[PDB]
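Below you'll find only one chain, the form deposited in one PDB entry, shown as structure tokens.
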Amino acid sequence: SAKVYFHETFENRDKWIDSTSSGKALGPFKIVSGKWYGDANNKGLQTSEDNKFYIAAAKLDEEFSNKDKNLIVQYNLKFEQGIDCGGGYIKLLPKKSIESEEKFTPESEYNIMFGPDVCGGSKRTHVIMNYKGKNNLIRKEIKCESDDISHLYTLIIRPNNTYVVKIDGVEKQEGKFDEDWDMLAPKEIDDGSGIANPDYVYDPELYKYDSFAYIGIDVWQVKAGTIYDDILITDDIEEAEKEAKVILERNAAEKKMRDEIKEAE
């Protein structure tokens, strides 16, 4: 029944290859239990060195397309350090984008970039959708969390051509891809065009991507310490909302350990 295309728990970091094709100046990930957590046997991937880029990619369990199917993207992310400026997002890439993991690059083509990103007064949850060569921003602010405990970001994409974004299981945006992005106005940014243009024609498949093949992380960090806890990708709505209560139960536990180290101070 349910198909899970990916579920990383970071017991290890074996599927994840650091880019050897960026021009950086990259930092190292470490698999670390965290200063506080809901399960001592559990485990996550952490950026470990300040003011550096972090770029790594991993192949998914199976190449797939979400055409005429659901798709849920859902991963748990912790800004343990008290983030000041740094990304916590992920990208998902088609097979055609990268000949293999080490060649993943910021300029690498992605289908979707999703997740928290914090710098100064900007705290938002990306939902960038790639369409016909352009990356399109969500058009609809979705703030992201900024404290030091893990939160669960969920993206939900139905073939109805609509989406849903939840954080910690509570829906925070819902709308239809043609109404909430300007994907069908490609020259609005560069060419001073409006949304109303010729070539604005409704696309039943703004939700569809032919190929999902890699997941990738490419964040800048000034204060390192961001931790990717768990990552899940699947086509089954109940399966994703079956694994989340596990994770949010453990984040609750994580919170109670959290506040006891802050009175040890």
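If you superpose the two forms and keep the largest set of C-alpha atoms that fall within 1.5 Å, you have the rigid core. For every residue, the number given is its place in the sequence shown, counted from 1.
Below, we refer to the form deposited in another entry, which is not included among the displayed structures.
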Superposing the core, which one of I138, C85, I167, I156 shows a C-alpha shift reaching 2 Å or more between this form and the one not shown? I138
Does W220 show a Cα shift reaching 2 Å between this form and the one not shown after rigid-core superposition? no
Look at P204 and decide if its Cα position differs by 2 Å or more between this form and the one not shown after superposing on the rigid core. yes
Cα displacement of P186 between this form and the one not shown reaching 2 Å, rigid core superposed: yes
Taking the shown form as reference, are the C-alpha positions of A185 and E109 brought closer or pushed farther apart in the other entry, with a change of 3 Å or more? closer
Since the C-alpha distance between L137 and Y131 changes by 3 Å or more in the other entry, give its direction relative to the shown form: closer or farther. closer
